[PDB]
Structures are given as structure tokens and as C-alpha cells.
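**Q**
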Amino acid sequence: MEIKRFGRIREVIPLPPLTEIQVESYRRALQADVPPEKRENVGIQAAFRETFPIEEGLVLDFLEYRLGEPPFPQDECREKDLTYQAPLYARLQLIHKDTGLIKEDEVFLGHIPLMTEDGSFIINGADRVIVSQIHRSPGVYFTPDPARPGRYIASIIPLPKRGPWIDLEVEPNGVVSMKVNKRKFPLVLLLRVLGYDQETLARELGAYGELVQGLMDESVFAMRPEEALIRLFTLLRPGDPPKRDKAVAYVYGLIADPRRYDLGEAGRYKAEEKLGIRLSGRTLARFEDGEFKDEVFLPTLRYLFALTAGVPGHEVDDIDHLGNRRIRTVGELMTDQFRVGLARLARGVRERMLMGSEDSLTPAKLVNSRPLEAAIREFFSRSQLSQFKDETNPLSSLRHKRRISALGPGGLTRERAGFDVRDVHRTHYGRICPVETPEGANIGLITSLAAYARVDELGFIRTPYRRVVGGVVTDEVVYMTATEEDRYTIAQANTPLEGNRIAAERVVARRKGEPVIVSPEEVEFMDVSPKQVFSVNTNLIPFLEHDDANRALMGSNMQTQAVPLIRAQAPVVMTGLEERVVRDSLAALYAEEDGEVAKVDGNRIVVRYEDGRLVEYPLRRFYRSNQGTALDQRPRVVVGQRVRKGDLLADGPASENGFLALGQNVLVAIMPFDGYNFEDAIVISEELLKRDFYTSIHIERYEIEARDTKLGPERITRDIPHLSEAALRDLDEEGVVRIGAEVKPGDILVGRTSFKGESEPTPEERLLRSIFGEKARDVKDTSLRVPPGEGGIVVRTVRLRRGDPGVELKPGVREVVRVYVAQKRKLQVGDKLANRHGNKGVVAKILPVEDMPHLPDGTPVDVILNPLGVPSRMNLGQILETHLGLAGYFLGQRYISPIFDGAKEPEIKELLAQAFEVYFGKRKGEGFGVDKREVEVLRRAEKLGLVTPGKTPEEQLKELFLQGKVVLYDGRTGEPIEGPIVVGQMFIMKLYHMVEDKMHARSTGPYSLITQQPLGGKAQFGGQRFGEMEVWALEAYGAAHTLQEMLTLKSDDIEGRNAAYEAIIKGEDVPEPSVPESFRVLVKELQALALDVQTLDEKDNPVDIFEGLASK
Amino acid sequence: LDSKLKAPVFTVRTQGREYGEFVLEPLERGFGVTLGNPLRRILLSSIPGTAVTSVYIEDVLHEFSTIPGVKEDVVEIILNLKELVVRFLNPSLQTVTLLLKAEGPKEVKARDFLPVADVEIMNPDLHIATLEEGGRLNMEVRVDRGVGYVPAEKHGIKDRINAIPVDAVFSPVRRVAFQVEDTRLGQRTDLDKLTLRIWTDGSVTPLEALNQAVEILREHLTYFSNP
Amino acid sequence: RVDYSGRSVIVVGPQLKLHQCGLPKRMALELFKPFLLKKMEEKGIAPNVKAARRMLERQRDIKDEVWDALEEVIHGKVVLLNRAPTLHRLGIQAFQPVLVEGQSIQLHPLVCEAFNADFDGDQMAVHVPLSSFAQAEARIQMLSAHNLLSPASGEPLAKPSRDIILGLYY
Amino acid sequence: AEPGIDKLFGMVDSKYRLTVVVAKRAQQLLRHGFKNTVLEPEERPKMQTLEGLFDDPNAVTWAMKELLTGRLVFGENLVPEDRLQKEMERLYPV
Amino acid sequence: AXXXXXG
Amino acid sequence: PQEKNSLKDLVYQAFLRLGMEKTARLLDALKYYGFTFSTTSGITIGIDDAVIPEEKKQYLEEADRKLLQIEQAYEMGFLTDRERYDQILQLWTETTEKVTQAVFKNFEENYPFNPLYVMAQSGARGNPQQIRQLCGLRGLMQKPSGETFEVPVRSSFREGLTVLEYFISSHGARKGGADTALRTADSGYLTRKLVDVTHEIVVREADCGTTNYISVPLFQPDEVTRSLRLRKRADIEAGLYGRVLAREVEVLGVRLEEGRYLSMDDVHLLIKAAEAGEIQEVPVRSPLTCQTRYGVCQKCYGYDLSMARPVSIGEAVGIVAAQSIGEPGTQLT
Amino acid sequence: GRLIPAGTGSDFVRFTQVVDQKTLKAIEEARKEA
DNA sequence: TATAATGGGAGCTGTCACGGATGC
DNA sequence: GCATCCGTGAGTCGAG
Ligand SMILES: [Mg+2]
Ligand SMILES: [Mg+2]
Ligand SMILES: [Mg+2]
Ligand SMILES: [Zn+2]
């Protein structure tokens, strides 16, 4: 159908690759395509350069490294629960100094995981994503002292785990103090160690306001750098012998050692920019010609005194500024952990260098790769910043890869974060999305990267701007750091332009974030687009300008939760970003070059290009995602079809013809309905289920292991003791459920028998045995069964057996069987729906079509929304979307309305008129006039002041229709709704929160080991936690027996619960409860602390709750 | 797919001739309000009854005037005449004119109306007006048979020049209220339960009223017969 | 953590009386399960307890008579509905359960304000009082219709809001 | 709301004493199999089954409705516990 | 992520 | 017309007079007819249902004038930067108030049945400020520092915000969110501390026989210091209703006896008497003066506020108290 | 895990006994005999 | 069971808050 | 008597 796009804003540049930060970071770190000699010193190369050479005698040096090919492809790694990775080889050479012997060998360091094309990883068969970490950028900062108003604190910050933060402060007694590892000592001493003399400090700092004299100490200058050095070592190392070389080593390692101390390249640059100096290295000082030489400290102290005195050109720093904060991407974190593991490897190397045969040592004998591996794995498996990938829809993955976390190792602990850290900084413009952050505990600490935003090589986020010269807007684009942005007056993207020239006398612009009205002569730069201010998700919200930010947050967050539907459609009203999202997420399949399509199948698509080559693209079909959403590609092309470069070959999940489909376009009427839509609840039509709208496929994986035991082996078999053929009906010869079979709760997916524990039969069992004359079988039924509330059709079975080619399991396991069960979920009561504007609700009622409010022509609405949700939530974007949707319903078209530049009320009125001519004038030719009900409603509307009195019925109906309202007939009555109701097409998604995955109930079940309380969780078939607050509720109600019953009978009291259940099944009232087991646990644990806890009567005579079992 | 349906059973609960309750369950899903609404519309508008369509009183010019010797105004007397329940014993009789003449210290009731052939007053104890010493009340009231509710302006009938047009309430049914509750037959989940409540004036019993309402509807279904 | 308890997503019954709440059939079957076994043995549905339990184990083995038996079981009984966080005693209330198709718990509108619960996907937990004592406590003390006023302010905590006020004002 | 709950709250000095009384009476009825009821056959609480009306299985309903009649006597130290037990066992064997 | 259920 | 307050008073009065069963039936009835009538009322929300008053434009232009004046005053040195700032802020605040009043006056006079106006007035949904944001100007916005921008958002949500306006508002939005998330934890903590300190308090007896009591003042000093003025209704109600009189009180020829639980009507009577100048303070039995060990007595505690009658012995007062204080905690700004 | 000293667990209301008139009078005759 | 070998090694840092002692 | 150090706490479901 026709797609009408609005807006006058022309974007000069498109959006960059949205995954580019992940891909380019990891690629930069690896340098796998760069020949060994051409590799810059960065990433793992840098780690090798720091770790080597290793001395102490023998010397093990480093030449180059290489990454081999992955032993297994991505898919196969996903299936076999293997990590997708490449082997890392490193060429080393051992050199004995005296002998001169050189033994060179290539050593195998293990594997490193490789990033996939979409920017994610595969670890142990599970897709994972490394979230970027925002932190304080290294450098030199100056901040106002909270205690002392006229004094300032200098702070020298290196990279995380690169060595200590150093604090320079002017003490109340006048002396300048330095703080390292929580130790306060006069800076004078260190300055003497650096080789400074009283003369040099006097001439350098002299112009200052007597601040110099605080640095003046006669006892310090009376001694040479050596004595001062030993003095400093005695100050920083109490009890440690003040040996000369040990002091030199400690101080060098503290400051000058590049191996143990590293400023960032960004820290280096910023330090050079702030202090106005030049660094020969990333360290605060150097060891040169036997002594220490000062790189940094003196300019820092100089700047401190200069700021304190009030000397012009010296500023305090904003640590929340995005010029002072930087982003650590995948490559940097990976490089860090790699460097740690490599250091451990080095310790191992020197260790093995001390012990051994000194004559014969190969690099292989010295190198134990294990720690290195152990590091990398540890960073991928257990790290805070390594997250389980969200595969829910393509936008989920894309957004997940664009995450920015202030948390993590070396980052903010929670409740270390005040309002400042979580605040939206003025420099967040065009860089970090102000809209998208989680609600609750993570707010502001977890953010999303802006669409046009880019992270530079230093780790700072940069946003694009257009160069403006003399009122002319060039197509030249410049990406700026916040520090660079602060230097310019930057116009807004909506400022009127005739050609390339500014058409307004007064143009709205920003100076250091501050709003200001300026002349075209004053404008240096101009915004690229309103899109650059927000995250990709936020940019998917039409009429965003009409929605309150707090609701836009929810609308943004919930698109991530959108479940892919079989019938899923692109929104009627789009922001025009729907295609790029599908493209960059690698959801859909596209044509590599121009050519003709050869073969078309559900499984695969063969294409012949201009090269004459035949390329076959296999289609991913019904593959289970991380969240269990079905990911399947479907062919959008037919045999013989001519396709150009970039054309769409096949549609990915949640994609309609290349456009992002998060849900359905439904006809909604906004009215209160019988209290069924009360408080955000939603009422939907059965016709939605009839045509399979909001129907989604979900695949669950079940897994069972047969292992060797000391009591005899477990085995998967179709022979299960004490079971009828009826139960074994769908089981195959080997005991596994067949493909295509329907499974319900209680059914057996995989039959398994296990040898019983050693059994001493109770006399009852023996007597009953003699009565029925049947030998008690050797094994028992352990078979994996369908968990309560689950089920479906079995679409796959995997069987891995030990002793079979290409298959080796973990020790003791005989074999492993997996069963994949798919189910088709129709929308039901309790499922969660939401729109892009932040209006969310659970479906309360599904009415039959005849109960649904309908149009005069007989067309029933899909969804009934309550208007009460609108005013307090202040999101009007859904209203406008509804109106334009009403227009596009009868006009049979869809629209593109970009954010902040888009469809305006008058234009929508035009489109609604065009729509009305189709909706009404059709009726007039059909031989029907205005209905009586329409007349009544028109009277009501006349009194309402919606329509002008005196006009014909058609004119008034047109007036209502233009306001987006129509006459609506109640299904049950046939009488019209008294007022005209707003009706129109709205794009609504079914979120991942579904009543089926949630609803749970328990009579009795498994209990915890020590506490003997019921387990938590649904999969554990656990009970609901009754906590302190619930207990408070029961106490306030004054219900003693209910509460006591919860604490004892229901749980944690063994005799109590057994007796209670037995009594209930017997038809007897429950008995008197007894002492809860966890109290006994408390008593014994208190005894383990050597505290005697005695339960006494009123006679103060001991009462034994253990009943003599604990007393000798 | 394969469906079996037996029942409903029609249950009746009655208090005198003034009231009744009717319960029809189980019904197929949606049939609760499908039966309910039409009957309510028919019961209110289409049920035959009697009303006072005009009133003449001596010496009074119009409706907002007052009557010397009588404590109630012309307005109040008209209101009481609206609540008068008249029943026509003969199905042939379309309309009656009832005369009332009384004076002195007396309280006029519906009994005081001079009896007419085949005309029964259901509520003879209904109060019309109180007269004082010297008070004189002479009135002729027009009673017609019809349906629904007709304002005094719409019928516009006058026997004489001083005859006052009265809002005419024909419908013997005072109120109809129904409620549809979800009920279950065996494992059938969504089945509807219809409960009907009818208020009458006693001239026509609720059960009679309902049976007339379903007959009217059934008769309308036969109108689809011959194009 | 306690036995005889469950949870689900809440949906508003308009049709519920103030003392009532919709309880999904399966949830009730699991919550009342021992009582259901007893009632099943009392009638001709099962020979004994164990047979009845094995009968309820598989979903395809479940017939209509056990649902009616379940209806007989819960009669006159009440269950506790609780929404986290519980800020005050009204955070848990007693309702006479109404067996309903679907996996959602049905809540009465008027108590929502007391629970600070809405229909946007809030969930609630169900607890089953066992003893006649506990049941009596729930009915007399904890019944939703039995507390109409705020223990804090003395003002009504149960009262028209949203749609109700809208219609009445209209 | 429970039928005549206001009157039941009027009967006792503390709202909880009502609960204790109703609960204990319910336990009496359960133990003695309803044979000790003070309710006349017409006053019996009824449950609607598939077959027809039957005696209400709920002991608390019975207890409250009994308490509403005034046919029950409540208070502290009426008789000794074991004596009450043995007498109720004599009159209505379980 | 918490609050009233964006995430 | 029936709205939230009158309906609330209806529920309360019906509780008092007719009891909680009939009150419950009344509640269900109100629910039924409320929903039923709200269904067919015709209430909906269109974009034109948010009505921008003409007056607003005037109020903008006028503002733009006054600003200039202020600016002039800054040019010639009559106003310091901070003075200018404050004057601009005050100007925009008063302007905002004016456009609000314009919106609601336009609604009341011209479109009384307008959906936003209806929902606002009835108490169903919305307050004056939100409606003001929809129809009128969005208003002033705060910087991250808490400082306010000199430039307010002049756009409504109906007109839609400019990019810069939105970005300016995001600071306030984020601040509010973080405020919520951080508030929840401390509120909960406080609740638990209160629960822990008061948990042992229960009502253990009918009377502790204390002759001690407290005097709830019906009058309070005025910030003008001029004289004593009558306290607000709700406060006096908060310190009076349900409590037992510790001494005889004779006002307006009405005897309020010692030992009397004060009904709402009794409180209102006491207020009338206070206005008549007969009584400036009320002696009352208080938990503060209660001599009952490990708790309070019945006469000192007074009403069970849930049942609107004397508290039942055995009710746990401490927990109810702690919860009563703790629940609103998340609403404290 | 004991019975809390509040509400139904209060010593005040927890010792209350319930007896029907028939049983009460039987016990009354039992006391009347001795 | 025997050449002699003789004081370790990571630390990682943007809360606050009272409050309770301890120390100057 | 005041300055400063240390130890302890920091809201509930639900799933991981
Ligand atoms: Mg139905
Ligand atoms: Mg809410
Ligand atoms: Mg919610
Ligand atoms: Zn007291």
C-alpha cells in the first residue's frame, strides 16, 4: 500500500552501523586480520608487550601472535553447548644470557572467544552480550573541598586496577599533603625524591600567594634524594626493612613502573590538555639514569596553587561531564582480563624458571596456559558485564548490544550512587539517551547509546554536528566530544532553511547546553537530526513530542519485550526507522549483489548473481531463542524474481517486508466498558483469536542425563516399571517421545530407570509383597516428565551417547537426551499488551464479536481501551496515532511520522476528510441515509459543542470524524453510545509477560535441606514466601491461628505438616502444631557459637524440644 | 464442535399483582441480553394500558392556577390523576369520561368517581384532593386506552376550551430491569442466566405483561414471511 | 515460604461481589488438593485417596465430576489474596473463591486502592487457611467486606474510584 | 459480608471472642458430626449441588448461624473441659 | 528492571 | 453532583447508620451502576478534547512584554543578576497559574461536559496541573542542579514539545524517577523500624484506671504572632475523632460525658463550640498517658478506626500504628 | 512459632467456652446429682 | 634423604549516618 | 570538650 511520509527535515548522514561499537571494539582488540608485523600496540598485542619480556639468568621474550580458525561453526557450537572460539598461538624464544643459547617455539595459549557478525558471543552454547561500562576517565582533576570553601582537592586518576588514586590537598596548617593508599604525607618529601631543589621550587611556584612556603621544609632539602627516598619508604612501609634497592623498587613500582601503573591514552591526553604540558609516557614519573625524573607532579601542584589563589584560566572539574567520563567497550575489558591472566602466566613462568634443568628448557616447558584460559573464561562466564543475551526480538538484541552500564567491576556499587550519578547531564545531549533507563534500582546507572552517537578511540562518546559558515549550512559533518561541543554555539535541527542558508532572523541554539537565541552570523554548528538525541528504541515512538518523558521511558523499554508473532505487522504509524533496525540486527536476509533468484523454498533460497555464481542461503526455521521465542526466517521472494543489491530475500522474526513488526495494528475504541477496562485493564475481541492476531510460537527445551552410579547405571529405556501401554504410547523403541506427538502435564518425554537405593523393606512392604506375590523390581522410574502447566508438540529430539563418534560428555555421564517442545500460544486472559507510548495493561475480558461496540456499517472494533489511562499519564501520542490510524484505515495506507518533525493536526484533518469521504459517501450511493441513532448522537454532540448547530447530518458527522470520533453502537443493545467515541488504528504489542508462564500453585512439595522449609520458584514447585511484612499483616488483623498455621503447619514443622496432610485427607480437622524445625536449627547453630539456649517453663525448669535425642 | 443442549427451565416468582421475577437458565452464550433487551423495550413501550389524557375543572383557566377552597393546586391534582389506575373490562371500549363532583369538608378519593359500565378502578383509596368549608370541586377527566408514554403536548386533546392536556402514562408496566449472570451446566463454562424484574400497576400482572411482550415479538418475527 | 499457596496475574472481575474473587480452576485444584482427594473418596469418583491422587496426576485423566466435587469442597470457604509489597494489614484480604476458566485471578475493583493494585500486570498470591479456627479468623476478621474503613485515617479505604465515580458523576 | 455480621459483633465484648466462639463451636460440630446442632431442620444451611439442595458442609457457616439464634451459651469457665467432652460424647457418640 | 513494570 | 468526596461521605455515613453488610451491598450497587452508566456515557479522549484557551496567547504576549521590562531593568543596573532571575521565575509562575485558571474557567463556562474537565472535577482522573500541561503551557523546568531554567516550555502536550524542551524536561523526569526508587527503600526501612519498636504493644485490658490525659488544642499560634487561629478541620479530626474524653465537657448546652467515645459529629460539635469561643482545648485519653503495661488499654486507645467503634481488646495496636505510618511513606515528597 | 498474644491469641478471649443448652443442662443435671 | 639454596605480595579507591567509643 | 575512627545497614514479589 501507499506509504505517505511527513516532515521537512532532510538528514544529511544516515545512522552508522548500530552494532559498530561491539564489532569495531572487539576487532580492534583482536587485530586478527592484521599481519603480525603491522599490528599497532593495542589490545592483546599490548597485553603481550606488557607481560614480556620475562626475566630472572634465563629470558623468555615475545615475537608475535596468531589466531587460528574456529574448531566449530557458530550453529554447531550452539547445539553442542560449546564456546565459539579460535585457538591462540604465540611465538616465544628463550634466551640464556651467559650461554647465548636461543630456543624458539610456538606455544598454544588456549582459545579466545570470537564475536559473531551481529556483535554477540557464544559461550557454552548460550548467546551472551558484553555490556559497555561507563566510568570516570583517567586524568588530573580538581574539585572543590566540601569541608574547606576556599580550598581544593587535586586528584590523579589512572585506569582501573592500574594503581592507586593520588590526592593532593592544602592542609589547614599550610603544608601540602599527598594521599596514596590511605596515607597522608607531605608532598615536599616526594618532590625531593624526584630530584627537585628548594631553588627550583622557589622560582617555579614563587608568584603564588605564600602557598609555596607550605612546601618549604628545611629538614627535607638538607638530605639528598636517596635519604628522602628511604624516608618515604619508611613512611609508606612500617615494619618493612628500609633497604635501598627495595625502596627504589617499591617507589618505581608505585609511580614510574608502566607495567604496574598506567594512565589511559585518554588519561594521558586529558592530563596533557588540563595541565598544559606534554607526557613522554603514561606514568607520573620515570626512572632515568639511575634517578627519578618528574613528568607530572610539579605541573599538578602548580595548577592546584593556581586554582587556589584565584589565578585566571583555572577551573574546577565536573566529573559527571561526558568529557570527564568514558566508555570501556568489549575489547578493553577483554584486554584487561587477558592482561591479568597473562600476568599470572608470567608468575608461573618465573616460578618454573627457578626450578628445573637449567640447560634444557623449551618455551613449552615454561608456559602453563591454564591461568590465562581461567581468566578469559572467568570474564565470559561469571562477569557482571557479561550478560545472557536478550533474543526476544531483533530490537532486543540490538538494544542489548547498545547498553551502557555504570555498574560492574571497577564501577559503581549500588547505594554508592546518589542523584548526581543517575542524573541526566547537559552533555548527555546526542550521546546518551535521556529517555531510556530501567525503572527501579537501576535507574540512571543503566543507559542506552544515542542513535547517532559514536565512541571514539579514546573511549569518549561523540555526536555529529553540521558546519555552519556565514549562515550557510554545509553538508560537512563533525563528530565532537562534549569538551569540544562546549566551545561552540549549535543551532537546532528544526531551524528553517532556504537551500543551504538559514531562513530565520532569530535561531534557537545551545551554548554549553544552555538555551540561547542567536543571529545566523553567530551560529557555528547545527544539529544533524532530532533522532540523534534518543536511543534506537526511543526513536521508534511516533509522536514522541506529545508524550511525557516518564511514559516514553516505558514505551521505549517495552518494545524490547515485544514477542514475535506469526502474523506480526509493521506499525500503521512509523518513525521511518523500522527498516534500519531490522537491517542492522541481521534479522532479515538480503541480496549480496544484483541478480535473478534461482530457487525458492521454505528451507532455502538460491540466487544467481551477475557474477554467474550460484549462492545458496539456508533459512533459519523455528529455532529456539534464549527467551524461548521462535526465531524463523521466511522467503519474501519468488522464483525468477529480479533483485538488486540490498533487496530483501527473506523476512526474519518480528519483521514484515523488511519493516520491524513488534505486534499488530488493531482497531481500537477508547471508551470505558462495564468496568472491564477499569484501572488499565484491556478488553479484546474474540475475532482477534479467530484470525490468529497476537498468536506466537514458544519453544521450551527439556534435558535429562543418564549417568554411571555405584549402585548401577541409569539408562534411557522404553521399559519402565509399573506403567501401562497408555503411558508408553508415544514413546519410541529407545524410550524417547516421538516427533509430532502432543505432550501434556504428567506425560513422559524421556523414559529413564535408575537402580534403587539400598532397600530395607518395612514390614508392611514385606507382608504386602507376600500377599501379592511379586518381587520388588530392581530399578525405579526416574523418567523426565512434562512439568505442570506446560506442554505442546515435540518438534525435535537430541541424543548424545558416550562411545559414539564426536561425542564425549562430562565424566560419569553415560548419555544425554534433549527434547524440544513447541507450543502455539493464542492471546488469552492475563497476557500483557502495550503500545509504544507507554500504555500497558493485561487483557481482562475476551468478548464475543456480537458483544463488541461496532461502527454503523457493522464493523466491530478489535480493542476497547479506557480513556482514564490517558489524562494522568499525559501521553497523547497514542491519541494522534489513533486518529491518523483511523484515517489510514479507510484510505488503506500507512504513514511515516518522524520524531519532532512529523504529521501535524491540520494535515491529519485533511487525511481524515479524505477518509470520511470514503467512509460516508460510500453509504449515500448505497441507498442509505443517516440513521436515527446517528441523529440522537448528533443532538448529544450538538449539546456537547462538538458540532456546529444548523448543519446537515453529513456535515456534523464530518465534523466529528475530523475530531477523530465516530458514532458507535453498543453490541448488546443496538442503541448508540450517547457521545461519539474516538476510534482508530493503533499499533499494540504482546509483551513477554504471559499468564501461562506465571500462574502457579502448590499443595505440598520439596523442602530445603537445612531449614526444611518449602523451596522457592515455579520450576522447583515451591510455595509462596510469607515474609516479615505479611506476618505483620496477619498480626495487625489479630489472626493468631492463621499466622501460627503458616509458620508451623504449612511449612517447616515436619510432624505438623505430615499430621496436617494426613488429617485433611482423612477428613479430620488439623491437629495442634508443634515446634518449627528452623528454630531447632537456630538452637544448634547458637550452640555452635558456644551459647547455651535453654527453653524453660514458668518454673524456670528446662524444657527439651529435641525430646532427648540431643541429650546423652 | 459436537454440541448438545437441553433446557432452560422457566422460573417465576410473584408478589401480588404488582410484582414478579423471572429466571431463564441456562442459555447459550450471549442469548442472555439477546432475549433481555427486546423484551424490556417491548414491555415499556408496547404494553396496552389506560391513562388520563385530559382534565377539566370548573372555574380554573389553566394548569398553573389555584383552586379556592382546595389545599392542593391544579398541578398537584393532575399528578395524583396520573397515578390513577383504571382498567377496562370490555376490550371494545376505547375511551371513557369520568365525572367527579364534591364539596364541603371532605377528602376526595378515587372511590368518589361516578362508576361507569365496564370500568374498574384498581385503587379506590388513592387520594386526589382535600376540600375545606366552602370548597367546591367539579372535574371531568378523560381516560383513554393506548401504549407507551405520551407528553401533554403531543396528544394535544381538548374536549372543551378549559380542558387541560395531561401527560399520559399508558404503560401498566412501571419498571423493567434485567441482569445477565454467568452460569455453568456441567463443563459448559460461559452459559448465560437471565433474570427479569417487572413492576406493574396491578391492572396487568407482570406475568401477563411478559407473555404479551413475547407474543408481540414473535408476531414481529412473522413479518419476514412474504416479500 | 509456605505450602497450600500459589500466585498469578490479576484481572478485574466487575461481576464479583465485594467478598468474592475469581480463582482459576487448576490453582484451586492444587491448593485444595487433599480436600479434593477426601471429597473424591466420599463420592464414587475414586476407590481411595491414592487412586484419586494418581488420577489427578495426569491432566488427560481428569474428568468433570472432580470439578463439581471441587465446587463442593471450597463451598463457604475463603482464601487469602496478598499483593507485594504489603504496606499494611489490608495488603492481605479474605475472599470467597469463585472457580473460573483461565489462568488469571479475578479481583474486585473496590479493594484495588487498598492493595495499591492495578491491571497493568500486577500479580497476587493466594493462600489457603486450613484449620476451622484459621478459616473463622479469615471470615470474621480478614474478610474484604468486613473492613470498609482505614485503620489509619478512620475514613473509608473502600469506595468508588475511576469508572464508578465517572458514571455516577455523569 | 457474612450474614448479620453486625449483630454478631454486637454480641461480644471483643471482636476476637466472636472468632473463638465460632471456631470452637465449628470444631464441636465437626467432631460430633452435626448431631449436636441447635438448628431446626428448616433452619439448616443449604448447599446447591447437581442433584439438589444438601446440608452445608461448612462448619463455620453453621456455627455463625447457630450463634445468631441465641440458642448457644458462651463465656469463660462455664464447665470443666473434660466434663464437657465426656458429656458431649455421651449425648452424641462419635 | 522494576517500579510499575517498562522493565 | 456525586463525586469522590460526596461518595466517600456517603459510604462513611451508610457504614455508621446501616452497618457494614448493607454498606457492602451499597458498595456493590454503586459499582454496578457506576460501571454501567460510565459505559454508555460517551466519555472518550480526542486530541481536540484538550482545549487550548485563547487567553493563553494573551498571557504569553503580556509575559513577553514584562520580561522585556525586567531585561531593561537589568541593562541599566537596577537589577542584580539574581534579582532578575527571581523576578523572571516569579513572573512565569504567576503566568502558569493564570493559564491554569484560564483553562479551567474556559472548561467550566464553555465546555462543562468536556472529558478532561469531567474526569478532573469528579476525582476519577487527573489534577489541575496535569490538565494544565495538556491544554496550557508545560511550565518551568529544573536543571540537574535543582536550579531552574529561565526559559519555560511554552508548548503543551497537545501542541507537542520541541527537541530542546523535551531534553530540558528529561532532567526533571529522571530526577523524579531516581527520587521514587531511592524513596521506596528508606520508606520500607522506616516501616520495619517502627514495626520492630512497637510490635509488643497490644490492648491488654479495658481500663488502666489512669487519671492522666492529654489536651488537644483546637487553636494554634499564627505565624503573624497576632493571635491564635483555629486549626484546620482535618488536623483536629486527626487528633480528636474516636478518642475518649478524660473529663466532663459542657459546650453549647450539650453534655459530653467523661468516658465518651467521640463520634465525628461530636468532633464537629467541638469545632462549632471552638468557633463560638467556648472551648479552646479538648482533654482526651491518650496512649501517651496510658499506664497499661506492655501495651495500652481500651479507653486510652479509643475507636478501632476500621470498625468506627470502640477497639476490641486483643487488637494489636503497635503493628497497626507502624503500618499506618509506613504505608504513606512512599508518597512523601 | 507459638500463638501470638493478640487477637484470638489474647488470653482475654482465648479461654472462652461454647455450649448448647441441651448439653449445658445435661452437665447441669450431672452437677445437680452429686 | 645430602652442591647450595635462608623476611610475601596484592591493595583498587564516586554512600552516610548516626552513634558509639576512642584519641588528641 | 571536641576531633576522628570503626563497624553496621541500606523496601517487597517474581526469576537467575
Ligand atoms: Mg456467559
Ligand atoms: Mg498505577
Ligand atoms: Mg501495576
Ligand atoms: Zn490506659
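Protein chains in written order, with the numbering used here: chain A, 1 to 1112; chain R, 1113 to 1339; chain X, 1340 to 1509; chain H, 1510 to 1603; chain S, 1604 to 1610; chain F, 1611 to 1943; chain G, 1944 to 1977.
The beta-carbon is built from N, C-alpha and C at its ideal position, and this holds for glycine as well.
(1) Could you check if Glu439 of chain A belongs to the surroundings of ligand 2, using beta carbon to heavy atom distance under 8 angstroms?
(2) For ligand 4, which residues count as neighbours when the test is a C-beta closer than 7 angstroms to any heavy atom?
(3) Give every residue of the same chain whose Cβ lies closer than 8 angstroms to the Cβ of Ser1825 of chain F, excluding the five residues on either side of it in the sequence, and list them in chain order.
(4) What's the gap between the Cα of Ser1470 of chain X and the Cα of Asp1069 of chain A?
(5) State yes or no: is the C-beta of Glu790 of chain A nearer than 8 angstroms to some heavy atom of ligand 2?
(6) Would you list, in sequence order, the uninterrupted beta strand (DSSP E) runs of no fewer than 3 residues that lie entirely inside the segment 574-608 of chain A?
(7) To be precise: take each residue of the segment 1014-1048 of chain A, compare its Cβ to all Cβ atoms of chain H, and keep it if any distance is under 9 angstroms. Which residues remain?
(8) Take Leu114 of chain A and list the residues in its own chain whose beta-carbon comes closer than 7 angstroms to its own, dropping the five residues that flank it on each side.
(9) Between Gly7 of chain A and the rest of its own chain, which residues show a CB-CB distance below 6 angstroms, the 5 nearest in sequence each way excluded?
(10) Cβ of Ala1456 of chain X within 8 angstroms of any heavy atom in ligand 3?
(11) Three Cβ pairs or more, each shorter than 8 angstroms: is that satisfied between the segment 118-137 of chain A and the segment 320-333 of chain A?
(12) Could you name each continuous beta strand (DSSP E) segment of 3 residues or more that falls completely within the segment 667-691 of chain A, going from the start of the chain to the end?
(13) Between X:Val1350, X:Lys1382, X:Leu1429, which lies nearest to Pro1490 of chain X when the distance is taken from Cα to Cα?
(14) What are the boundary residues of the alpha helix (DSSP H) that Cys1451 of chain X is part of?
(15) Using a Cβ-Cβ cut-off of 9 angstroms, state whether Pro438 of chain A counts as contacting chain S.
(16) Drop a sphere of 10 angstroms on the beta-carbon of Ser381 of chain A, count the other beta-carbons inside from all chains shown, and report buried for 16 or more, exposed for fewer.
(17) How about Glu1888 of chain F: is its Cβ closer than 8 angstroms to a heavy atom in ligand 2?
(18) Give the list of continuous alpha helix (DSSP H) stretches no shorter than 4 residues that lie fully inside the segment 34-83 of chain A.
(19) Quick one: what does DSSP say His1239 of chain R is sitting in, helix, strand or coil?
(20) Would the beta-carbon of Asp730 of chain A fall within 9 angstroms of that of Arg738 of chain A?
(21) Spell out whether any CB of chain A is found under 9 angstroms from the CB atom of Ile1935 of chain F.
(22) Between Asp647 of chain A and ligand 3, is there a pair consisting of the residue's CB and a ligand heavy atom that are separated by less than 8 angstroms?
(23) Using a Cβ-Cβ cut-off of 9 angstroms, state whether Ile1431 of chain X counts as contacting chain A.
**A** This is what the structure gives:
(1) no
(2) F:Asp1817, F:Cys1818, F:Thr1820, F:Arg1895, F:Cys1900, F:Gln1901, F:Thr1902, F:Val1906, F:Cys1907, F:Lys1909, F:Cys1910
(3) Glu1891, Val1892, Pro1893, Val1894
(4) 6 angstroms
(5) no
(6) 595-600
(7) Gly1038, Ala1039, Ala1040, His1041
(8) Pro70, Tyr84, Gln85, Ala86
(9) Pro898, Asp901, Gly902
(10) yes
(11) yes
(12) 682-685
(13) X:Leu1429
(14) 1451-1454
(15) yes
(16) exposed
(17) no
(18) 43-51, 74-79
(19) strand
(20) yes
(21) no
(22) no
(23) yes
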